[PDB]
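Below is one structure, written out as structure tokens; the observations come after it.
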Amino acid sequence: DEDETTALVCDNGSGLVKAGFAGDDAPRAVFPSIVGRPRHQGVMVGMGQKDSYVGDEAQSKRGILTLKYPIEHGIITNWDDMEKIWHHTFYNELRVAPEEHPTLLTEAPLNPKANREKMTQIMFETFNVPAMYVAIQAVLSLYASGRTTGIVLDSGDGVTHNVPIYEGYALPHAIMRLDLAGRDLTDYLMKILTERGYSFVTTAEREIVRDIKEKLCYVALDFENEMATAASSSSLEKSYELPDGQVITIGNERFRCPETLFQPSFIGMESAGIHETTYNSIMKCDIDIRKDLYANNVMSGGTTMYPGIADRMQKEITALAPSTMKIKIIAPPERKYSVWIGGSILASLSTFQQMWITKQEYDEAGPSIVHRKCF
Amino acid sequence: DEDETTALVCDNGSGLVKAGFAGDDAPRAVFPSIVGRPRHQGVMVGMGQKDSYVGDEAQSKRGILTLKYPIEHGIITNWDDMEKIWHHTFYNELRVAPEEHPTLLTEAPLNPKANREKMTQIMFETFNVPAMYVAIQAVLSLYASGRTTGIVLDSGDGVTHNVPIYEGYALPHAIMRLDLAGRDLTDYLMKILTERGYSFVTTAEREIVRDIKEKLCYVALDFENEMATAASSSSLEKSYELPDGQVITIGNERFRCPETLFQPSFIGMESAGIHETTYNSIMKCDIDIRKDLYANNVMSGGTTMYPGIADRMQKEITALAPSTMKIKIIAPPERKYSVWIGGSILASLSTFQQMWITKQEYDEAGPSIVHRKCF
Amino acid sequence: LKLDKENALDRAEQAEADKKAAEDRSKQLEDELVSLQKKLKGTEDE
């Protein structure tokens with residue numbers, strides 16, 4: 001339905017896919033990274049029932065479906081399901097497809113090599129894209145934030161990367177890969193809500209919990225004070241209506257789940273916590289770099305939407321950082337949608353038009369070309 | 001009749017409850033977790049007729065009683081009925097009044113908190129027990145089974161908990177609680193027997209089916225080949241005599257019902273099955289842990305009593321498992337009675353005499369005390 | 001019949017007692033076998 005001869009952009013994780021076309025400042029639509037399948041045998045005639053559901057179809061009908069997510073902590077392994085997700089995304093809902101447009105897909109800086117190779121290959125071989133470019137989420141996070149310099153706290157669905165860039169250059173030894181993201185926070189909340197008498201086991205139930213979390217949970221500027229009160233009084237509880245007519249209230253659990261980011265030990269993870277990983281991405285860089293990264297701590301990805309996170313991360317780093325120097329967190333409304341936006345910026349910059357793999361070079365070289373042309 | 005203030009121990013499941021005193025190796029008495037109520041008025045003289053029936057009384061007169069189980073998927077929701085069960089259990093069959101003896105009760109690691117609070121509160125406020133301690137079923141399973149390390153599959157009536165333990169420590173990031181249990185197998189068997197012409201729809205009938213299941217059913221080491229044979233020949237059928245003199249036989253139904261453990265979709269549950277659930281508990285654990293958990297897969301609770309479950313589970317995990325690793329299932333005669341036995345072991349350990357909540361600490365703190373004192 | 005529940009029960013109990021001694025041996029032997037096999041593989045790997 002679109003007639004603008006621009007690039008297309010998609011951010012694909014273990015939870016959601018943000019997508020739209022390059023040159024704008026927002027995705028046109030956001031789809032779940034889901035291929036749904038019926039988990040029941042139909043009995044009655046005229047009950048519909050699809051063999052497969054894609055994206056929002058899968059999420060909307062989830063009460064009777066098993067929901068599969070193709071991306072594992074940042075890597076696409078089920079490329080067949082991503083092809084279905086991308087077809088729906090582009091052809092059915094965004095109303096624009098790669099066949100007539102160059103396409104940019106994103107990944108984390110240390111994401112296994114197979115991910116960028118398959119993203120490049122599927123757009124060229126199943127979507128017939130005229131050109132490709134696999135982007136680094138850290139690059140996109142700073143473009144969308146108005147920075148060339150800063151720490152990218154790309155807290156996604158399956159992984160948080162924690163990666164510094166200075167004057168446009170990577171500082172890779174200072175990357176603190178962390179196995180804690182929005183999907184793990186959802187799983188933890190399912191377990192602590194089970195402790196409250198509301199067990200959540202199935203994937204439809206996981207989606208209910210993700211909705212509860214996104215609307216009711218927060219990290220808190222001061223965890224212990226919120227905890228002591230919330231664990232002692234109903235005045236700190238918030239109600240949510242479950243899609244069966246039950247009402248669930250959440251007290252200190254409302255923040256204990258989100259707290260996992262600062263205390264990963266809550267889910268059995270071996271990690272110093274998001275504020276120390278942020279601190280180390282700054283501290284492991286050279287001393288004439290450190291000061292600029294402290295002043296430019298940039299949030300991207302989701303989980304950045306928890307109340308108290310932009311104020312808390314600044315508090316936790318300034319408390320570890322030396323005095324006089326100003327420590328600042330950048331946390332715009334483009335929060336969680338900023339990686340897509342950065343993709344739009346990179347794809348459309350004139351300074352990037354020589355970075356695209358055309359369907360010339362790709363056909364002669366094959367998918368290994370991504371390591372010659374992208375990064 | 002005891003010459004020491006030994007703790008009394010009660011393993012109260014959603015199905016059956018086992019009881020005895022600490023220091024024994026078996027419960028002294030077993031009761032269903034049932035309080036029965038008549039739905040009919042008796043006519044004949046000399047027919048008993050009570051307002052309510054407890055434990056074995058509910059089963060003996062069940063033909064006209066509604067049988068209520070006060071425990072729902074591991075949690076007591078009806079505390080009045082548990083008081084009837086505990087009075088009868090401790091006072092009439094164990095012959096001990098709790099007033100002069102400490103009491104140990106059990107719950108799953110993710111059992112809703114209100115369960116531990118009521119178990120503790122009832123014994124302190126209604127029975128005046130001098131002390132209380134709510135045990136972890138995973139611990140008790142390991143102490144009865146002779147292990148400190150392994151996978152605990154406690155396959156109870158209301159829930160299969162599924163928790164890996166290493167060197168006496170929980171590995172909570174790998175708990176995969178499953179809402180598929182012995183109660184669903186009984187309900188499914190009532191329905192599959194109905195398909196064969198033997199309808200079971202009442203509470204009395206539920207108990208009849210429960211007895212049929214326990215004596216006639218098995219999982220089969222190869223479902224499809226056993227099914228094809230059972231569906232083709234009477235050689236795999238087994239008879240049972242019903243209370244009214246009718247005879248029921250079970251064919252491939254004999255395993256199609258138990259198969260629900262491996263295929264939960266049969267009862268409408270979204271799950272990969274007990275063997276993938278078990279496997280999910282062994283691979284998610286750390287690289288230097290996995291080998292010890294594979295070699296120590298521990299069964300406790302009932303359903304573990306199906307003739308082919310220890311061998312099929314060992315086979316399924318072996319099939320999912322990497323090579324080199326030794327896969328072994330421990331399926332002791334203390335099966336279904338293991339949690340109670342572990343309770344006896346725990347209550348009497350010298351290392352556990354400081355873990356008891358006294359009826360001093362309890363009254364000063366209130367029912368929530370169990371949260372900080374037990375686990 | 002008069003003493004047959006007793007003969008059968010004594011057989012059941014004696015068989016259960018022997019079964020258990022032998023089942024406990026089976027578990028002990030299996031655990032030793034598996035550990036021994038792991039020692040075997042330990043040494044075979046070596």
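The way I read the labels, and the way they are meant: chains A, B, ... in the order of the structure tokens, residue 1 as the first residue of every chain, and ligand 1 as the first ligand shown, with later ones counted on from there.
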
Got a sec to pull out which chain B residues are within 9 Å of chain C, counting only C-alpha atoms, and send them as a list in words? residues 295, 324, 325, 326, 328, 330, 332 and 333 of chain B

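Superposing chain A on chain B by least squares over all C-alpha atoms, matched in sequence order, gives an RMSD of 0.9 Å.
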
In Å, rounded to a single decimal, give me how far CA of residue 207 in chain A is from CA of residue 195 in chain A.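 A separation of 18.1 Å between them.
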
All residues 6 Å or closer to range 280-284 of chain A, only C-alpha atoms, same chain fewer than 6 positions away omitted, as a list in words: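 Close residues of range 280-284 of chain A: residues 174, 175, 290 and 293 of chain A.
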
Which residues of chain B come within 10 Å of chain A, and what is each one's closest atom pair and distance in Å (one decimal), counting only C-alpha atoms, sorted by chain and residue number, as CSV?
```
residue,atom,partner,partner_atom,distance
B:73,CA,A:199,CA,9.6
B:75,CA,A:197,CA,8.4
B:109,CA,A:195,CA,9.0
B:110,CA,A:195,CA,5.8
B:111,CA,A:195,CA,6.1
B:112,CA,A:195,CA,4.0
B:113,CA,A:195,CA,5.5
B:114,CA,A:196,CA,7.5
B:115,CA,A:197,CA,9.1
B:170,CA,A:268,CA,9.4
B:171,CA,A:268,CA,7.0
B:172,CA,A:268,CA,6.3
B:173,CA,A:268,CA,5.1
B:174,CA,A:268,CA,8.5
B:175,CA,A:191,CA,9.2
B:176,CA,A:201,CA,8.4
B:177,CA,A:201,CA,7.0
B:178,CA,A:201,CA,6.7
B:179,CA,A:201,CA,7.0
B:265,CA,A:39,CA,7.0
B:266,CA,A:40,CA,8.6
B:267,CA,A:40,CA,9.8
B:268,CA,A:40,CA,7.1
B:269,CA,A:202,CA,7.8
B:270,CA,A:202,CA,5.7
B:271,CA,A:202,CA,7.2
B:285,CA,A:268,CA,9.8
```

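What separates CA of residue 130 in chain B from CA of residue 232 in chain A is a distance of 26.5 Å.
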
Residue list (alpha helix (DSSP H), DSSP) for range 119-300 of chain A, as a PyMOL selection string: chain A and resi 119-125+137-143+182-195+203-216+223-230+253-259+274-283+287-294

Could you give me, as a PDB file with N, CA and C atoms, in the first residue's frame, the residues within 6 Å of residue 34 in chain A, counting only C-alpha atoms and dropping anything in the same chain fewer than 4 positions from it?
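That gives us result-v4.pdb:
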```
ATOM      1  N   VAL A  54      -0.459 -16.889  12.924  1.00  0.00           N
ATOM      2  CA  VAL A  54       0.791 -16.129  12.956  1.00  0.00           C
ATOM      3  C   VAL A  54       0.703 -14.761  13.636  1.00  0.00           C
ATOM      4  N   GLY A  55       1.670 -14.500  14.518  1.00  0.00           N
ATOM      5  CA  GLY A  55       1.773 -13.227  15.207  1.00  0.00           C
ATOM      6  C   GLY A  55       0.602 -12.980  16.123  1.00  0.00           C
ATOM      7  N   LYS A  68       4.647 -21.011  19.779  1.00  0.00           N
ATOM      8  CA  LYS A  68       6.069 -21.233  19.619  1.00  0.00           C
ATOM      9  C   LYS A  68       6.783 -19.935  19.279  1.00  0.00           C
ATOM     10  N   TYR A  69       7.917 -19.722  19.950  1.00  0.00           N
ATOM     11  CA  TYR A  69       8.781 -18.562  19.731  1.00  0.00           C
ATOM     12  C   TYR A  69      10.105 -19.042  19.120  1.00  0.00           C
TER      13      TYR A  69
END
```

Counting only C-alpha atoms, what is within 10 Å of residue 217 in chain B, bar same-chain residues fewer than 2 positions away, as a list in words?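 Contacts, with the query itself left out: residues 189, 212, 213, 214, 215, 219, 220, 238, 250, 251, 252, 253, 254, 255, 256, 257, 258, 259, 303, 305, 306, 307 and 308 of chain B.
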
Just-selected residues, N, CA and C atoms written as a PDB file, in the first residue's frame:
```
ATOM      1  N   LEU B 189      -9.640 -41.661  33.520  1.00  0.00           N
ATOM      2  CA  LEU B 189     -10.021 -43.057  33.491  1.00  0.00           C
ATOM      3  C   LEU B 189     -11.557 -43.160  33.584  1.00  0.00           C
ATOM      4  N   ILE B 212      -9.613 -48.922  40.577  1.00  0.00           N
ATOM      5  CA  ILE B 212      -9.371 -49.639  39.336  1.00  0.00           C
ATOM      6  C   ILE B 212      -8.036 -49.213  38.766  1.00  0.00           C
ATOM      7  N   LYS B 213      -7.794 -47.908  38.727  1.00  0.00           N
ATOM      8  CA  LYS B 213      -6.567 -47.351  38.188  1.00  0.00           C
ATOM      9  C   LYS B 213      -5.345 -47.920  38.864  1.00  0.00           C
ATOM     10  N   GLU B 214      -5.373 -47.917  40.201  1.00  0.00           N
ATOM     11  CA  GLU B 214      -4.238 -48.340  40.997  1.00  0.00           C
ATOM     12  C   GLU B 214      -3.866 -49.800  40.778  1.00  0.00           C
ATOM     13  N   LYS B 215      -4.870 -50.655  40.523  1.00  0.00           N
ATOM     14  CA  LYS B 215      -4.613 -52.077  40.317  1.00  0.00           C
ATOM     15  C   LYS B 215      -4.476 -52.537  38.849  1.00  0.00           C
ATOM     16  N   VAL B 219       1.642 -47.457  32.198  1.00  0.00           N
ATOM     17  CA  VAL B 219       1.945 -46.522  31.102  1.00  0.00           C
ATOM     18  C   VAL B 219       2.339 -47.153  29.768  1.00  0.00           C
ATOM     19  N   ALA B 220       3.048 -48.277  29.819  1.00  0.00           N
ATOM     20  CA  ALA B 220       3.582 -49.012  28.666  1.00  0.00           C
ATOM     21  C   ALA B 220       4.902 -48.392  28.256  1.00  0.00           C
ATOM     22  N   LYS B 238      -7.626 -56.673  31.136  1.00  0.00           N
ATOM     23  CA  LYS B 238      -7.664 -57.123  32.526  1.00  0.00           C
ATOM     24  C   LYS B 238      -8.981 -56.766  33.181  1.00  0.00           C
ATOM     25  N   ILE B 250     -10.552 -53.622  31.009  1.00  0.00           N
ATOM     26  CA  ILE B 250      -9.896 -52.502  30.372  1.00  0.00           C
ATOM     27  C   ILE B 250      -8.919 -53.014  29.312  1.00  0.00           C
ATOM     28  N   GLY B 251      -8.967 -52.453  28.085  1.00  0.00           N
ATOM     29  CA  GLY B 251      -8.116 -52.869  26.959  1.00  0.00           C
ATOM     30  C   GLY B 251      -6.995 -51.890  26.718  1.00  0.00           C
ATOM     31  N   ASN B 252      -7.024 -51.128  25.611  1.00  0.00           N
ATOM     32  CA  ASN B 252      -5.911 -50.199  25.405  1.00  0.00           C
ATOM     33  C   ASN B 252      -6.110 -48.987  26.303  1.00  0.00           C
ATOM     34  N   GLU B 253      -7.270 -48.949  26.942  1.00  0.00           N
ATOM     35  CA  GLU B 253      -7.674 -47.911  27.857  1.00  0.00           C
ATOM     36  C   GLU B 253      -6.820 -47.986  29.119  1.00  0.00           C
ATOM     37  N   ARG B 254      -6.257 -49.181  29.324  1.00  0.00           N
ATOM     38  CA  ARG B 254      -5.450 -49.586  30.447  1.00  0.00           C
ATOM     39  C   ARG B 254      -4.176 -48.779  30.494  1.00  0.00           C
ATOM     40  N   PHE B 255      -3.766 -48.285  29.331  1.00  0.00           N
ATOM     41  CA  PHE B 255      -2.563 -47.479  29.199  1.00  0.00           C
ATOM     42  C   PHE B 255      -2.870 -46.116  28.584  1.00  0.00           C
ATOM     43  N   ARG B 256      -3.935 -46.024  27.789  1.00  0.00           N
ATOM     44  CA  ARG B 256      -4.269 -44.727  27.177  1.00  0.00           C
ATOM     45  C   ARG B 256      -4.538 -43.702  28.263  1.00  0.00           C
ATOM     46  N   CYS B 257      -5.118 -44.132  29.385  1.00  0.00           N
ATOM     47  CA  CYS B 257      -5.314 -43.186  30.459  1.00  0.00           C
ATOM     48  C   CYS B 257      -3.979 -42.726  31.090  1.00  0.00           C
ATOM     49  N   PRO B 258      -3.128 -43.620  31.665  1.00  0.00           N
ATOM     50  CA  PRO B 258      -1.792 -43.353  32.202  1.00  0.00           C
ATOM     51  C   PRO B 258      -0.893 -42.594  31.236  1.00  0.00           C
ATOM     52  N   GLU B 259      -1.096 -42.795  29.932  1.00  0.00           N
ATOM     53  CA  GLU B 259      -0.347 -42.137  28.872  1.00  0.00           C
ATOM     54  C   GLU B 259      -0.489 -40.627  28.955  1.00  0.00           C
ATOM     55  N   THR B 303       1.569 -42.645  41.447  1.00  0.00           N
ATOM     56  CA  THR B 303       1.649 -42.688  39.941  1.00  0.00           C
ATOM     57  C   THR B 303       3.001 -43.302  39.468  1.00  0.00           C
ATOM     58  N   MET B 305       4.061 -45.738  40.842  1.00  0.00           N
ATOM     59  CA  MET B 305       3.626 -47.075  41.107  1.00  0.00           C
ATOM     60  C   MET B 305       2.990 -47.738  39.876  1.00  0.00           C
ATOM     61  N   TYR B 306       3.017 -47.073  38.702  1.00  0.00           N
ATOM     62  CA  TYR B 306       2.565 -47.760  37.496  1.00  0.00           C
ATOM     63  C   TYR B 306       3.674 -48.780  37.201  1.00  0.00           C
ATOM     64  N   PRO B 307       3.376 -50.025  36.817  1.00  0.00           N
ATOM     65  CA  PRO B 307       4.354 -51.070  36.515  1.00  0.00           C
ATOM     66  C   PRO B 307       5.499 -50.706  35.553  1.00  0.00           C
ATOM     67  N   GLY B 308       5.254 -49.846  34.559  1.00  0.00           N
ATOM     68  CA  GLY B 308       6.299 -49.482  33.599  1.00  0.00           C
ATOM     69  C   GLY B 308       6.818 -48.043  33.691  1.00  0.00           C
TER      70      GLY B 308
END
```

Using only C-alpha atoms, which of B:357, B:289, B:319, B:140 sits nearest residue 167 in chain B? B:289

Who sits within 10 Å of residue 74 in chain B, only C-alpha atoms, same chain under 5 positions skipped, as an MDAnalysis selection string: chainID B and resid 12:15 106:108 110:112 115 156:161

Contacts of residue 302 in chain B within 8 Å, only C-alpha atoms, excl. fewer than 4 positions in-chain, as a ChimeraX atom specification: /B:154-157,182,335-337

Which of range 28-251 of chain B end up as strand (DSSP E or B) when DSSP is run on this backbone - answer as a ChimeraX atom specification? /B:29-32,35-38,53-54,65-68,71-72,75-76,103-107,131-136,150-153,160,163-166,169-170,178,238-241,247-250
